[PDB]
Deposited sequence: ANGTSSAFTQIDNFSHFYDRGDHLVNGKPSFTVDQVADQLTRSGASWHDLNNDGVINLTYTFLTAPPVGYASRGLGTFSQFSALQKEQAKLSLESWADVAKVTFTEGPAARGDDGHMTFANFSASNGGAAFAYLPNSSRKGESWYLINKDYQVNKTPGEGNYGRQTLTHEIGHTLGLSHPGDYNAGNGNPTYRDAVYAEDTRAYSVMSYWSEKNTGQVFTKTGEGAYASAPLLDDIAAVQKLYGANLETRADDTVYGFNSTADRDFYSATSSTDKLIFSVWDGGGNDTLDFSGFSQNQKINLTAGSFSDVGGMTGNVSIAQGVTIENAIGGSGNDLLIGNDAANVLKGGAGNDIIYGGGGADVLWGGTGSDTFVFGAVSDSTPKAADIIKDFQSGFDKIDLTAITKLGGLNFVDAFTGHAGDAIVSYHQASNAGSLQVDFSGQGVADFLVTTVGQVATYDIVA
């Protein structure tokens, strides 16, 4: 078969696969199937002016509307400055992914108008909103009293912030993943947990992800994988967002609180949406073992947590930087720059000419197909260390081995290991097809030996 290193790569690449199979006794839905499920009501805002974008205005009410007392909500109160600040960050997180804009101001001859306000009567629930096809479209209300103080101090990572994002989701036309004393047992599909959608009532533990432990609470502040697909299906994707080179995680340049990390103890939970450019997922500040997958629509285990980071469908992220732990880095079809950092890492460049950095420690560079590194577009290991690092080709040779020679003899399996002293450039040429010419090339910065190759 193959090496254990490859098996780990393959295992993680499929770990979160969705669709056409049962999970927890429930059908597994793909992102696209969930996009339809979340928009099953048919309600949405309409582009009245036909300008290609939903232009909405919103007001933080300062006085109760006509007929307010009849709602049975109790004492009315306006949003505090803190609530306003957080509400704007939630609105922004939705506008980043879909062609919808939110401007503070009174209703004008706009595609729609939204209102935000608090109430004190618990019988009204923690918070609620109306769909855009109702007579109270645009409205969202939040409970605040001595017994329920969650909405008084919303902040990145807490339920107060997710509540704002979730309720705004409803005003945009999103429903709950199912028609919800109900429990996850009543879910229509397996992925109905807040690891996939902030619209879900169920915790990520139901699907096996680990974000935090008892006593502590961690919630995604922004739209997750399935939410992004659902809102883009309704209003279209916003390709203008972060269309230039962007860095997420440590040393972030995304300018979003939920995409930024500054400490090894940070709890990241986000889905990456990016419009274009050369982008990097920098998770160098973590010391826990991580598993980073650059495949669009896939999940990664970051900062000691599992399934907490994902890349939205239709997004191509080019680079990833691991941490001081023993990480797995899986690239995509594009030319990627992958850095494992300290620790013994397993790196998989995939298609395209990748630039690989193993960093310190004993690192393994895995190859699953000849097309992964061809003479045309060959990979390069900028810091290979003979005797410590390894080039794994077992997925191709199936442990069949290679025949190291000085010149191709025309027999399949022939491999050539060359080096340049006054250049420190190494190279591994292989002829798998056996046509007398190399069909697989891997260049390195540093000397490579026959014993550094696993096949």
query	finding
Deposited residues absent from the coordinates (by C-alpha)	1-2, 112, 184-188
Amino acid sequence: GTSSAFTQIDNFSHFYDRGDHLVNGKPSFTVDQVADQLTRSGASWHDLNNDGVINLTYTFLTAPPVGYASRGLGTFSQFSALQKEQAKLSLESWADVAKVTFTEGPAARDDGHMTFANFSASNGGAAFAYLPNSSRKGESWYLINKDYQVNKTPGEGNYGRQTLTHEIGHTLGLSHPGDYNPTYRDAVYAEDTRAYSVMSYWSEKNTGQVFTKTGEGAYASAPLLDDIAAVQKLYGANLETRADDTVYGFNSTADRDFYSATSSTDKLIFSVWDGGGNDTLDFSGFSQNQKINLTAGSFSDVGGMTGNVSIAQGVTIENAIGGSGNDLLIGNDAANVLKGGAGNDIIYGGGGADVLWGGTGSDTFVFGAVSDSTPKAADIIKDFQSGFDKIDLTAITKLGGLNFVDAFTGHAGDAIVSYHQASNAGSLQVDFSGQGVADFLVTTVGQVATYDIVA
From here on, numbers count along this sequence of modelled residues.
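So that the term is clear: the rigid core is the largest set of C-alpha atoms that superpose within 1.5 Å between two forms.
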{"item": "Comparing 262-270 and 67-75 where Cα RMS over structures and residues is taken in 6 other deposited structures of this protein (core fit), larger one", "value": "67-75"}
{"item": "Flanks modelled, residue 384 absent in at least a third of other entries", "value": "no"}
{"item": "Residue 428 dropped from a third or more of the other entries of this protein", "value": "no"}
{"item": "Given 367-375 and 281-289, the range whose Cα B-factors average higher in the PDB entry", "value": "367-375"}
{"item": "Mean Cα B-factor comparison, 215-223 or 97-105, giving the higher one as deposited", "value": "215-223"}
{"item": "Peak C-alpha temperature factor (PDB record), options 63, 38, 402, 56", "value": "402"}
{"item": "Residue with highest C-alpha B-factor in the PDB entry, from 204, 301, 333, 111", "value": "333"}
{"item": "Residue 407 CA temperature factor, ranked by third within the chain", "value": "highest"}
{"item": "Assigned third (lowest, middle, highest) for the C-alpha B factor of residue 422", "value": "highest"}
{"item": "Where the record places residue 43 (Cα B-factor, split into thirds across the chain)", "value": "middle"}
{"item": "Chain-wide C-alpha B factor ranking for residue 314, given as lowest, middle or highest third", "value": "middle"}
{"item": "Third of the chain, ranked by Cα B-factor, where residue 340 sits", "value": "middle"}
